[PDB]
Structure formats: C-alpha cells, structure tokens
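Taking it in order: structure first as structure tokens, then the write-up.
When we count neighbours, we look across all protein chains shown, and the Cβ atoms used for this are built from the backbone with ideal geometry, even at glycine. Just so it is clear, none of the values below were taken in a lab; they were calculated from the coordinates.
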Amino acid sequence: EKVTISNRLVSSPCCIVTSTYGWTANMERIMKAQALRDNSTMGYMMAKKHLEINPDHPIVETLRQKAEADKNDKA
Amino acid sequence: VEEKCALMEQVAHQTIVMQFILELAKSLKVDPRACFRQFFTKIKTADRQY
C-alpha cells in the first residue's frame, strides 16, 4: 500500500511494518496455522502491510542513481 | 437544526451502527439483516476501554 522512510534501521536495506489496526507477523501466522481456523471470512480481512528503506546503505544510493538514468529498465 | 442533544446522540449511535453493520456485511459478503448478534454481544458488554 505505502512506502516511506523512518528511523528504525542501521544496516538493513529495507524492513516491513504493520498497520496501526492489524495483527503482527507472529500473530497472523499463529492464528491462521491452527486447526478449526474458520478461514472462510475472517481469514480474508487482516494483515495490512507497508515498507521502509534506509537511506544509508550504499546499495540504495547506487540503485537510485541507476534508476534516475533509465525509467523502464529490466534489472 | 433543532439541536436536540439526546436525540442527536442517539442519531449518531443509530447511524454509526448501521454504517458499521453495512461495511462489515459488505466486506463480509453476508446479508446485514442476519448480522446483528455478534455486534449486540460486543456492544452490550462494552467496557470502559471499549
């Protein structure tokens, strides 16, 4: 859904976050991976996600300076 | 316009419950007229946090 930048990373190119109203990773996994799940409706309701990038790891900088050149590249 | 405070609170209550029921039924793909019991048990025991 959304992509932004925050202050949570020192050495990871990217990390993932959950919504303010949404089960976390382990919660969603444990809930869906148990018998009598009743996934008919409740399963297809939760686990919204977002993304973040650190602007420090030089891989993202070289990625940006590559993408600024070509706007429809392959790699 | 008449600024009917108790009436206005109950109007807000009824419109919010009907809107919630409709969105929950639509995302739920179930008829709203048969979707009231879980709402009633959640709101009747709605504690201070709820």
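Values for this structure:
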| item | result |
| --- | --- |
| Qualifying position, being surrounded by 12 or more Cβ atoms within 10 Å (Cβ to Cβ) and either under 23 Å from B:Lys29 (Cα atoms) or within 14 Å of chain B (Cβ to nearest Cβ) (or both), among A:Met27, A:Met31 | A:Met31 |
| Long-range neighbours under 9 Å by Cβ, at least six apart or interchain, first residue under 16 Å from A:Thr41 (Cα atoms) within the stretch B:26-41, second small (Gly, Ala, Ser) and part of a helix (DSSP H, G or I) | B:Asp31/B:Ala25; B:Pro32/B:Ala25; B:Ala34/B:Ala25; B:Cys35/B:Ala25 |
| From the options A:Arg37, A:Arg8, residue that is under 21 Å from B:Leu28 (Cα atoms) and surrounded by fewer than 13 Cβ atoms within 10 Å (Cβ to Cβ) | A:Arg37 |
| Top-ranked residue in chain B [being within 14 Å of chain A (Cβ to nearest Cβ) and among the polar types (S, T, N, Q); ranked as surrounded by the fewest Cβ atoms within 10 Å (Cβ to Cβ)] | B:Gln38 |
| Qualifying residues in the stretch B:1-25 (those that are assigned to a loop (DSSP other than H, G, I, E, B) and of a type in the set (D, E, K, R)) - the one farthest from A:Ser40 (Cα to Cα) | B:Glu2 |
| Number of the exception - A:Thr62 against (1) more than 19 Å from the chain's Cα centre (by Cα); (2) hydroxyl-bearing (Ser, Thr, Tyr); (3) closer than 25 Å to B:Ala25 by Cα | (3) |
| Residues satisfying the stated conditions in the stretch A:3-21, i.e. more than 14 Å from every other protein chain (Cβ to nearest Cβ), closer than 24 Å to B:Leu24 by Cβ and in a loop (DSSP other than H, G, I, E, B) | A:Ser19, A:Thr20 |
| Test result for A:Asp70, under 30 Å from B:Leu24 (Cβ atoms) and assigned to a loop (DSSP other than H, G, I, E, B) | no |
| Residues satisfying the stated conditions in the stretch A:35-57, i.e. touching a residue at least 40 places away in the same chain (Cβ under 8 Å) and more than 14 Å from every other protein chain (Cβ to nearest Cβ) | A:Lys49, A:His50, A:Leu51, A:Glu52, A:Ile53, A:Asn54, A:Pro55, A:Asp56, A:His57 |
